[PDB]
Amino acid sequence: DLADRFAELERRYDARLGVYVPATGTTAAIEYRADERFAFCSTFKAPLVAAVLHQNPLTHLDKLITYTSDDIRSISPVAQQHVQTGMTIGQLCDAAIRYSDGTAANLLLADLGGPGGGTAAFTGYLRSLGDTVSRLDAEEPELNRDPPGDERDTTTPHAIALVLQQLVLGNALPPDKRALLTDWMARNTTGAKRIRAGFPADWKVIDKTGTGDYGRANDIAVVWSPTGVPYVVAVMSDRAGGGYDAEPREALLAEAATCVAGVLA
């Protein structure tokens, strides 16, 4: 039984696990703690890129953004190298999704603009997609640090799955912008040990991970079966029992995804 298996994983990893897969044509929704809040961590970067894409002409991707030493405040594998040159909006989107670059995310939030350095406009974008649950309150690095249970900077597996479904499978974005987002998620470098690890090789997986304090490890994905049937998979986890420095456990997400894949096969 799936709920029993997910509970077993919680005990194995001393973790809290949330899973949602929306209903499709012939499969019921899969849900485990799906309406409980979990920190976004870096998973917000996927809808952030969608918001920036939606807000601007496509060739806004070519606008050069400059930034300085004091902008590097979080894990930023790409932006750390480009303080002198700057990065275009398209380079920032690429880095935010594929390398989970925190500075890139902060600069994209500032591009979106408005109160809270763009966090309010990001939340507004989610509201426009019918998500009345999620909220972004801080930027990097603070957004990963809220204590367990705090509602700041949270989504739920259910809410983020429905947002991702609209972005990738629905009509939230026009086809050209949709393809940009999908391709960046398809080319993600950070997700091999999470949802990808749970699905057979002949299933396509595109994803955005998140990792944070209190042992937080998330992954949001769209998967496609070998015959082109898509499913959205959101897995979120934390480990409050280990305190602030608890190790995130990718293995928990790989096991949870393996269980989901067995149901979807």
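Residue indices: 1-based, along the sequence shown.
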Where do the C-alpha atoms have the higher mean temperature factor in this entry, in 132-140 or in 73-81?
73-81
Averaging C-alpha B-factors over each stretch, which comes out higher, 43-51 or 57-65?
57-65
Options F199, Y214, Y32, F38 - largest CA temperature factor per the record:
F199
Chain-relative CA temperature factor third for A251:
middle
In terms of its chain's C-alpha B-factors, the third that includes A23 is the highest
In terms of the chain's CA B-factor thirds, is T103 lowest, middle or highest?
middle
Can you tell me which third, lowest, middle or highest, the CA B-factor of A110 falls into for its chain?
middle
Comparing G116 with the other modelled residues of its chain, is its CA B-factor in the lowest, middle or highest third?
highest
